[PDB]
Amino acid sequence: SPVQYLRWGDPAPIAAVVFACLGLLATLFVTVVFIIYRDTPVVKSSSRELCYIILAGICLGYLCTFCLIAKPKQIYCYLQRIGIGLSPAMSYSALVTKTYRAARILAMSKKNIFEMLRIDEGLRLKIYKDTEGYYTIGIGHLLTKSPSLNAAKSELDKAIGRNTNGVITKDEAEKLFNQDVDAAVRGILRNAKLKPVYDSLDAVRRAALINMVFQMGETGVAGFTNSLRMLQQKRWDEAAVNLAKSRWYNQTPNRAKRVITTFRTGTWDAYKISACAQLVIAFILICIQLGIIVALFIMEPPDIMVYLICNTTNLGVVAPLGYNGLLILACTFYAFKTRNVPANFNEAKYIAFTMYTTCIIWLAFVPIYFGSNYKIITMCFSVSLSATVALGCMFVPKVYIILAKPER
């Protein structure tokens, strides 16, 4: 009994249980909330099946401490390894498919704007110079400012990843373009006259604004004071009429007509320009971890060595640890890539922060656990902390919005 050790002078096993109990309660609360309000846009706009898998993994996480703190039975040694191994694999491998999907969607977004300016501004598959004599390639992508033609080729090879000999492809030109877009977005957000407009527009209309920036510069776009106010107040027709009067429309009519049309409709008309699959992939990544766990059951049969000490060796811990490490690594990779994505009330900003801490917690875990003389309790807290972070940073903010902000 955990109370006995508490009265003998050891408050560790009673603390881990209470932690786990509060964890299960919090996960039970959050889960019921999503069941009731499944039709509310904050829950509907995200993958709901994946969340249930993430919530289940967190639940099993807290249940682990009941297997590390238990009566000495044989199957509890089995439940430990199955629990400490599969629980992270259920949450993280479901989260990676979610982040990967967010990464592909974002990549396809950068694909559209790339095609937009390929049509409006043009493209060169070999090295040239701008109006100021600096070496340039693709859609106006500056390579270097040295007169050396060799200097531009060296910078190009570092950016592409091969020996290009001054010649690239459309895809490789898009690679360089993605940088220039991100650089342009930075400037807009650091511009007081362009930032409020950019924040209000949808995905398509933001590309149109960037298009204007790539033609006239930030100082130039800020000149459209009235038209920018119209776009911000979502008065598209008036903005269009207003923009058709500018010197910009009259100096470059063909291109300006396409940019304006994009503002009007919010579509790509002026330019020629799976849920089930996610569950299967998530299921596959979880089965791989199970295969590792089952194989280690055969190689090294679990056996009993309040505290329940099992004969689980280092390899029995390291192998499922490393695989979970890969899942976490892939999650953080795509999460960082989509950190600024504002979908679902900036949902992606919360996922990135979780993976930042998760990486730290799991990295710090290795020297702490393997260097500990209190492994069971250290495992209990590590698991619950890992499960608490994913629960507190990803779900609690959405639960708060759904209960406190019914008008948002």
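One rule holds for the numbers: they count along the sequence shown, beginning at 1.
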query: Absent coordinates between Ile273 and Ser274 - deposited residues affected, binned into four classes; finding: 4 to 9
query: Continuity check for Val280 and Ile281, given as deposited residues lacking coordinates between them; finding: none
query: Comparing 204-212 with 162-170, the one whose average Cα B-factor in the PDB entry is higher; finding: 162-170
query: Which of 150-158 and 178-186 has higher mean CA B factor, as the PDB entry lists it; finding: 150-158
query: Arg255, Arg81, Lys111, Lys195, ranked by C-alpha B-factor: the highest one; finding: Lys195
query: Residue, from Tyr37, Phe353, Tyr369, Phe381, that the PDB entry assigns the highest Cα B-factor; finding: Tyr37
query: Within-chain third of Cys21 by Cα B-factor, per the entry; finding: lowest
query: Entry-reported Cα temperature factor of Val294, expressed as the chain third it lands in; finding: lowest
query: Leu106 - which third its CA temperature factor falls in, relative to the rest of the chain; finding: middle
query: B-factor third for the C-alpha atom of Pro72 within its chain; finding: highest
query: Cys59, C-alpha B-factor rank within chain (lowest, middle or highest third); finding: lowest
